[PDB]
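Chemist: so I've got this experimental structure, pasted below with the sequence.
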Amino acid sequence: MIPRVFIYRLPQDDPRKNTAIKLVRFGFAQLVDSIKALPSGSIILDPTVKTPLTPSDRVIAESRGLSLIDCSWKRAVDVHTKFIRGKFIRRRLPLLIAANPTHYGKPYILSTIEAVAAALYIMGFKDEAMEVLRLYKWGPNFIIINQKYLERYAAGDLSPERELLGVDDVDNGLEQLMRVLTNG
Ligand SMILES: C[Se@@+](CC[C@H](N)C(=O)O)C[C@H]1O[C@@H](n2cnc3c(N)ncnc32)[C@H](O)[C@@H]1O
């Protein structure tokens, strides 16, 4: 049974190409009208923090829910750093490769729907993750190209990250991947 997913969306991009709108349209998640309306004590996905999501976070997702902010990647750092404090259990995703047509093959920077599916998979909701990904023709391939990493991540093993990113200093590497989008 899929955990309850809640999304606050910054209405910036055109919604016909936004993956969060599609999640909501099919009932995998529900939109809320503000960040304050997101459930307190829930897991919130947050690419700006250094603490990776682990399988044991499942217990929180089941009981409080899973929250996300949908915005442009150009605004993502500013939004997450300035508007969510204390209210949530903030977790980045472990390092994964994007499968969407825009950023295919590139690390860490995922679409909202890929992030939701990754979170679900890691927390043991593999069937739900696939149901979500099947909303796009390229969706299931996200698990395929990340299969070896996801298997370790779902088993609580984060050792793939340094080899995949190719740096010991993962923190700096992640900060730079996002800096590229912030400044471009
Ligand atoms: C900035 Se949003 C851009 C949406 C895109 N135009 C689309 O239509 O799907 C992607 C959101 O997905 C989650 N997310 C993505 N990657 C990660 C990550 N690596 N760690 C943690 N969370 C991640 C964050 O909630 C993001 O805010």
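Modeler: Received it, and whenever you're ready, just let me know what you need. Numbers count the residues shown, from 1 in each chain.
Chemist: quick check: closest non-adjacent residue to the most centrally placed residue in the chain.
Modeler: Most central in the chain under Cα atoms, centre = their mean is residue 115, positioned 2.8 Å from the mean C-alpha point. Nearest-residue entry for residue 115: residue 45, 5.6 Å, with adjacent residues in sequence omitted and distances by Cβ to Cβ, 6 or more residues apart in numbering. (C-beta placed from N, C-alpha, C; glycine too.)
Chemist: ok, back up a step: OK, contacts around the residue nearest to the centre of the chain?
Modeler: Counting by Cβ atoms under 8 Å, 6 or more residues apart in numbering, residue 115 touches 45, 68, 93.
Chemist: tell me the gap between whichever strand or helix holds it and the middle of its chain.
Modeler: Residue 115 belongs to helix 112-122 when assigned by DSSP states H and E. Remark: helix 112-122 is offset 5 Å from the chain centroid, using Cα atoms, centre = their mean, to the nearest Å.
Chemist: now swap in stretch 100-109 and tell me
Modeler: 13 Å.
Chemist: return the residues of this structure in contact with the ligand.
Modeler: By Cβ under 6 Å from any ligand atom, the residues of the chain that approach the ligand are 13, 18-20, 45-47, 68-71, 73, 76, 92-93, 108, 110-113, 115.
Chemist: no further queries at this time; thank you.
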